[PDB]
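Below, read A as the first sequence line, B as the second, and so on, with proteins coming before strands; counting in each chain starts at 1.
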There are 4 protein chains.
Amino acid sequence: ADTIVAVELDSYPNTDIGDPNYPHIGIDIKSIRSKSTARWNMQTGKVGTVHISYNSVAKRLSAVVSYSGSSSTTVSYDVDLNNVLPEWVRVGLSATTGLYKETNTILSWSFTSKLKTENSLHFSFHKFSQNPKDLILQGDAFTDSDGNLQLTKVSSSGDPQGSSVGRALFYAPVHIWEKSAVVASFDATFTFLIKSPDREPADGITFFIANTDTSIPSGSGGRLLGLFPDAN
Amino acid sequence: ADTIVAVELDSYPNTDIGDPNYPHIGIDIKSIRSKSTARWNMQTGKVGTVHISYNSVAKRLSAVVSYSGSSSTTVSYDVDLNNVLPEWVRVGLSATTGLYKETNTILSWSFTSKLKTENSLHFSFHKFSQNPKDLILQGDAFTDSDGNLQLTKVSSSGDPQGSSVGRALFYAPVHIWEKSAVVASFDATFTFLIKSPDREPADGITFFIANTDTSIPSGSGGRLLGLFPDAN
Amino acid sequence: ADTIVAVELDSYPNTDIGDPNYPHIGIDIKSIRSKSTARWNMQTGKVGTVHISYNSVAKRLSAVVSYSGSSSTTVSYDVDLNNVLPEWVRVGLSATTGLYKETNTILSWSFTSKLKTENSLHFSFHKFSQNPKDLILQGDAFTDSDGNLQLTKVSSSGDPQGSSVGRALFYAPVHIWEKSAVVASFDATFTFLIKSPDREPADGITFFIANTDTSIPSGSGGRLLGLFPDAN
Amino acid sequence: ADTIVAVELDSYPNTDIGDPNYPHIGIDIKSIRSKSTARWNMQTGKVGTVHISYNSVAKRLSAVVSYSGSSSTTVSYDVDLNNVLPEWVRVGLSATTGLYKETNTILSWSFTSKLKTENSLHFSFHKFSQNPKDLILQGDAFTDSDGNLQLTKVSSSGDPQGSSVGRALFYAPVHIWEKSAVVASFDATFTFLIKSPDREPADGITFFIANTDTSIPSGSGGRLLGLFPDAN
Ligand SMILES: OC[C@H]1O[C@H](Oc2c[nH]c3ccc(Br)c(Cl)c23)[C@@H](O)[C@@H](O)[C@@H]1O
Ligand SMILES: OC[C@H]1O[C@H](Oc2c[nH]c3ccc(Br)c(Cl)c23)[C@@H](O)[C@@H](O)[C@@H]1O
Ligand SMILES: OC[C@H]1O[C@H](Oc2c[nH]c3ccc(Br)c(Cl)c23)[C@@H](O)[C@@H](O)[C@@H]1O
Ligand SMILES: OC[C@H]1O[C@H](Oc2c[nH]c3ccc(Br)c(Cl)c23)[C@@H](O)[C@@H](O)[C@@H]1O
Ligand SMILES: [Ca+2]
Ligand SMILES: [Ca+2]
Ligand SMILES: [Ca+2]
Ligand SMILES: [Ca+2]
Ligand SMILES: [K+]
Ligand SMILES: [K+]
Ligand SMILES: [Mn+2]
Ligand SMILES: [Mn+2]
Ligand SMILES: [Mn+2]
Ligand SMILES: [Mn+2]
């Protein structure tokens with residue numbers, strides 16, 4: 001099984017497996033049952049931004065989601081990712097639908113990693129090309145004619161579909177820790193557009209970090225957000 | 001009085017005003033009496049590195065000090081700087097000597113600030129020029145023919161003197177918060193060389209953030225590290 | 001007099017002092033009489049982008065102007081800025097109106113300098129605050145409640161006025177060369193909105209580099225773009 | 001055959017295939033016969049630095065090599081790499097020995113690419129790990145116990161070998177151009193240590209950019225620097 005760390009923008013409350021009964025942002029450490037969550041005041045049809053950060057000295061993974069003009073929502077969890085993740089990871093975005101549905105559109109994605117022992121990786125996309133050779137598209141993930149990343153299946157009409165799962169990983173492995181290292185830190189930002197006709201959209205989007213050979217686990221659809229085999 | 005946030009590398013224990021009884025790294029919020037400290041295994045004569053980071057979501061100010069070879073020391077404190085600091089600041093280094101003394105040599109200094117409402121400021125110095133027009137030098141601070149910044153008095157011969165105070169501020173004010181801000185972060189690194197003829201070197205170095213019109217408070221000498229008017 | 005290097009977006013042809021007979025992008029070295037120009041297909045009412053770059057090895061200063069959609073214009077000039085500019089500079093934007101007029105609105109501005117002997121300065125503004133303490137505003141320059149920088153007078157109603165000059169300099173001086181330097185580079189981007197009620201808008205916008213104590217030369221109005229004391 | 005653009009630090013004069021009769025730096029466009037060169041004042045046993053830059057507006061690929069304290073050497077060539085290279089490339093370093101020999105030690109390597117239509121890639125290594133998962137090592141290339149990259153074969157004693165070729169490519173494809181794009185630019189820096197017992201060291205080191213599936217061509221040893229099948 002993959003080792004997974006994620007920040008979930010969770011649109012659909014699955015109260016039977018630990019979600020609060022509201023759209024929430026959460027921090028997931030090796031389980032879909034977030035270690036910490038916060039009410040997300042969703043706005044179907046607006047562009048949202050997530051920013052995510054961690055460093056190995058503070059040991060505090062935190063995330064904020066916002067929309068232009070709105071109040072933002074934040075969540076944090078104290079954790080030493082050196083004891084959770086392996087030294088080398090791939091970083092990526094995931095998204096699912098299930099019985100309910102939404103567009104999982106990513107308009108932009110940037111990521112920075114630093115390791116001082118200074119080694120660094122940084123990448124930033126404001127367009128996605130039709131053939132993103134520096135992305136590993138998994139599942140139903142694809143790029144569109146506006147240079148956006150659609151993680152889950154959609155018509156060119158506009159209409160999203162159910163039982164869809166797609167991810168996008170940065171092609172290059174990332175070195176997030178080492179024995180020598182004094183500090184390791186990463187920061188990630190993405191902007192996203194969730195539209196739905198459904199009164200109750202589902203399921204959500206994820207930024208995540210995993211072992212390098214990470215793949216969509218089977219039965220990780222809908223509420224497991226493409227990350228987890230089961231809901232332990 | 002100035003408003004001060006600082007990370008202090010305090011080479012000299014002043015137990016009568018709250019220092020632990022050993023050299024330590026501290027986080028100072030509006031007082032010399034550090035809110036959080038950790039033991040610092042000084043290595044007079046060797047080049048040390050300090051990394052400092054904060055962001056407004058995690059609300060944790062952290063610092064780590066390290067020498068090439070040995071293990072390193074960290075210190076953290078949970079604080080919302082938006083309730084401590086004005087919206088515009090200057091950032092700087094300070095150092096002092098009192099009755100006991102040491103060189104307070106800065107070999108390099110970098111700083112990055114970000115404000116997402118993205119606005120940003122990054123500066124990096126590896127070589128300090130003979131006339132650093134982008135620094136405000138206060139007190140005894142000067143740059144030397146090696147391209148280092150000496151915060152405290154050092155003779156023609158290279159011997160440190162007591163009763164010295166100096167500071168260097170980046171010339172441009174930094175926007176560290178604003179109302180409509182989603183997240184504010186900053187990171188700082190400097191490297192430093194402390195040499196002493198005294199069996200107990202003193203008094204230390206700080207990275208500090210302050211009101212833009214900050215100046216050396218009179219009687220901030222020695223154990224108050226060029227930051228504070230008294231020891232309250 | 002000041003020493004000026006500038007990239008001019010010159011909306012108004014002043015053929016009597018060397019402008020070509022159309023709107024143009026120019027590179028100005030110590031004179032309003034551009035050393036190199038190219039035709040600029042203005043689109044009053046649309047958001048334009050300018051990118052400028054130089055480095056001391058290639059010795060080529062280049063600029064490109066672009067609107068989303070249409071094709072773009074470029075201009076270059078081979079010059080060793082180390083023989084033109086002092087070692088320390090300020091960097092800024094200027095704009096003017098004369099008898100004819102336009103809005104000279106800056107929506108964003110970024111600048112990166114590097115000096116390898118690495119020393120560097122990066123600043124980026126997407127939103128200009130109501131009180132930009134890291135800018136020196138000269139002349140009619142001001143920031144507005146949209147978070148834009150208006151270089152020239154614009155009424156309560158949003159109508160531009162003639163006989164306006166304004167400039168904005170980054171507060172910190174920039175080290176663009178030193179003896180022991182291997183390479184010096186700089187890059188600048190700004191975005192801009194020019195609206196005009198006049199059939200011939202005027203006079204234009206510049207990005208400029210100058211002596212640190214640069215100020216608006218009297219009679220630099222209109223066609224001299226807030227940079228030059230005369231048209232020599 | 002690969003499409004190759006390179007900057008060669010050429011230690012061994014092969015006058016029969018277009019080299020000047022001296023150690024030189026050159027710019028190679030689809031042939032080992034540099035389009036432009038300049039005398040390199042080699043210093044076997046000192047750390048050298050190369051910096052390389054290009055942008056699509058200026059159309060000037062330039063490189064500078066230097067050592068601490070020395071005079072630097074520079075070379076440039078005007079070229080539009082959009083008409084030479086494909087949209088997607090891998091970037092890398094190469095090195096050979098032949099009958100004569102030298103260490104081809106890389107101590108550091110950084111690279112930045114930007115594409116404005118802003119998309120960007122940046123990576124920086126000051127150590128190389130024992131298993132660099134974000135590098136594609138080709139030929140004899142390997143990382144060592146000091147976290148340096150040895151492009152060509154060496155004893156742990158110190159002693160280099162002949163008939164050696166190795167390269168190192170960044171794992172992620174890089175997008176250096178697109179139809180939409182206004183500007184594309186890249187910058188690269190590496191530091192290097194060439195030691196030799198030979199009175200006449202050979203052959204040299206390269207930074208290069210190629211089609212993504214680039215591989216060491218057979219018979220590209222010694223003077224062809226791992227890049228080219230023949231000396232056309
Ligand atoms: O997309 C929303 C949800 O739809 C599915 O489950 C249900 C939500 N309401 C239901 C009603 C009936 C049945 Br059967 C099912 Cl599986 C569900 C599953 O795909 C869930 O994992 C998913 O979170
Ligand atoms: O430089 C180290 C310290 O030396 C001075 O105080 C003393 C340290 N040991 C002493 C012994 C005697 C006397 Br009097 C004094 Cl003031 C001190 C003062 O300058 C202190 O502020 C400073 O921290
Ligand atoms: O704003 C455009 C131009 O208007 C002014 O000059 C003239 C442009 N057309 C004219 C017609 C008549 C007279 Br008088 C004048 Cl000064 C001008 C002057 O302010 C020029 O410097 C400026 O470039
Ligand atoms: O490493 C230096 C050079 O050594 C080889 O060629 C010769 C240099 N001097 C010689 C003398 C004899 C013979 Br045979 C050869 Cl191939 C050479 C070849 O491997 C060249 O490609 C290479 O540049
Ligand atoms: Ca859910
Ligand atoms: Ca003390
Ligand atoms: Ca004009
Ligand atoms: Ca050769
Ligand atoms: K969890
Ligand atoms: K060539
Ligand atoms: Mn959830
Ligand atoms: Mn203390
Ligand atoms: Mn002109
Ligand atoms: Mn050659």
Pair [X], [Y]: side-chain N/O donor-acceptor within cut-off below 3.5 Å:
X	Y	value
B:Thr97	B:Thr152	no
B:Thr189	B:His51	yes
C:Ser53	C:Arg60	no
C:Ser124	B:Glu118	no
B:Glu8	B:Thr206	no
B:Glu102	B:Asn104	yes

B:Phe123 side, atom CZ; C:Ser120 side, atom OG - distance, nearest 0.5 Å: 10.0 Å
Gap separating the CD1 atom of B:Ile106 from the OG1 atom of B:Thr103, nearest 0.5 angstrom: 9.5 Å
Exceeds 12 heavy-atom contacts within 6.0 angstrom, atom NZ of C:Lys127: yes
C:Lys116 atom NZ: more than 12 heavy-atom contacts under 6.0 Å: yes
Leading residue by heavy atom contact count with chain B [cutoff under 4.5 Å; candidates C:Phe111, C:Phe125, C:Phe128]: C:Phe125
Heavy-atom contacts under 4.5 Å, residues 67-96 of chain C to chain B: C:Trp88, C:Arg90
What part of [X] gets closer than 4.5 Å to chain B, counting heavy atoms only: side chain, backbone, both or neither?
X	result
C:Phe170	side chain
C:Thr117	side chain
C:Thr112	neither

Residues of residues 133-148 of chain B within contact distance of chain C, non-hydrogen under 4.5 Å: B:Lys133, B:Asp134
Output field: ring centroids C:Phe190/C:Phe207 closer than 6.0 Å: no
